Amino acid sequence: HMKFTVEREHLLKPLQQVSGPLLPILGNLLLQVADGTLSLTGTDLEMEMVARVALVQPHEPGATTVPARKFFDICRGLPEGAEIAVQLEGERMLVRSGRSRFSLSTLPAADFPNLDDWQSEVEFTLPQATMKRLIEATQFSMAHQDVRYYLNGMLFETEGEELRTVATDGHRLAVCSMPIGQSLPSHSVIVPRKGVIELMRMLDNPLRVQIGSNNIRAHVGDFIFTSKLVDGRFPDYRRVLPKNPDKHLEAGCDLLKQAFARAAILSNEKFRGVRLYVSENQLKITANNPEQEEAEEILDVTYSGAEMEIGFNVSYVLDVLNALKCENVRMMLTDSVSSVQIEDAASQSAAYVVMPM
């Protein structure tokens, strides 16, 4: 029955990737030798990650499941360049290399959880860098463990020739759109928070994406990731974007980040409120706490609108600025009770909307 012999460095990166998503069967990896190929699959029932390793040595077809973390740690603990020999034998898999011998327990491959067949309704390819940019630009705005399950995920929207990602936790929002070269149908789904984290780590140049009505799949090199989609209806970003900001402020991304990072130190540990005074070519950031401590930062910026005060959760601001790895930032204000739009001054690819305190 199942047998293969492979170099350790052939297995390390795949075993690692498919272990990402991790009942006892769920702690196991499905192993499948077929057609001169080993397949490794890991699953949490919501999503699954499949890796393929070409087998250039004698092998025999078959399948079993083995504990993921013990199998990885064994192959990782083995010396650089080792030949790992695997074979199934009743209720145990045997892994052998030099005078190192291991006997792992198995669970039947028939028992291993399957994600049901589904149909792709939307298909496109795009470079990995673009999938990264889209996820990096908005991931941080996802709600963590909100009862609004539809917020514990990321919207993926295809519109015209653009793929767009949206993320919000109700208090702040991030939207990023990137051009992809093929006219696409209108389609809008929510990928769960975990799937977004997993799909992000498989980027590590073309990714092929397939999207059904309750499923998303990403093919990347020798990896196939698939996830359930989150049920429900995501908020419309067109509708959170400030209606028409009249007041535009420009400043250095780093100088602004650092002013805020310093003010943040003496803001409320709970609420993290800082105050912004905008005036002709100047931003005053202030913070105070229950200790009666206070910080005050004055910056030169480019602004000529009217004067206004506005408060913010400084962490929301720092998050945005940390994600905008750029030179100058654009703050788009309206009034002291309305949200602000923040953008890279040189690029409209990504917008950020943060609600005031």
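When you see a residue number, it is the position in the sequence shown, counting from 1.
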What number of deposited residues lacks coordinates in the span between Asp204 and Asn205: none, 1 to 3, 4 to 9, or 10 or more?
1 to 3
If I compare the deposited sequence with the modelled residues, how many are absent between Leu22 and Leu23: none, 1 to 3, 4 to 9, or 10 or more?
4 to 9
Is the mean CA B factor in the deposited entry higher across 130-138 or across 233-241?
233-241
Entry-level comparison of average CA B-factors, 83-91 and 167-175, reporting the higher stretch
83-91
C-alpha B-factor winner, where the candidates are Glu296, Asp35, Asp319, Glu46
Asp35
At the C-alpha atoms, which of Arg217, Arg76, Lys247, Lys257 reaches the highest B-factor in this entry?
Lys247
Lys284 by Cα B-factor - lowest, middle or highest third of the modelled chain:
lowest
By the record's CA B-factor, is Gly273 among the lowest, middle or highest third of residues in the chain?
middle
For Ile310, the third of its chain by CA B-factor is the middle
Which third, lowest, middle or highest, does the CA B-factor of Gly252 fall in along this chain?
middle
Classify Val353 as lowest, middle or highest third according to the C-alpha B-factor given in the PDB entry, relative to its own chain.
lowest
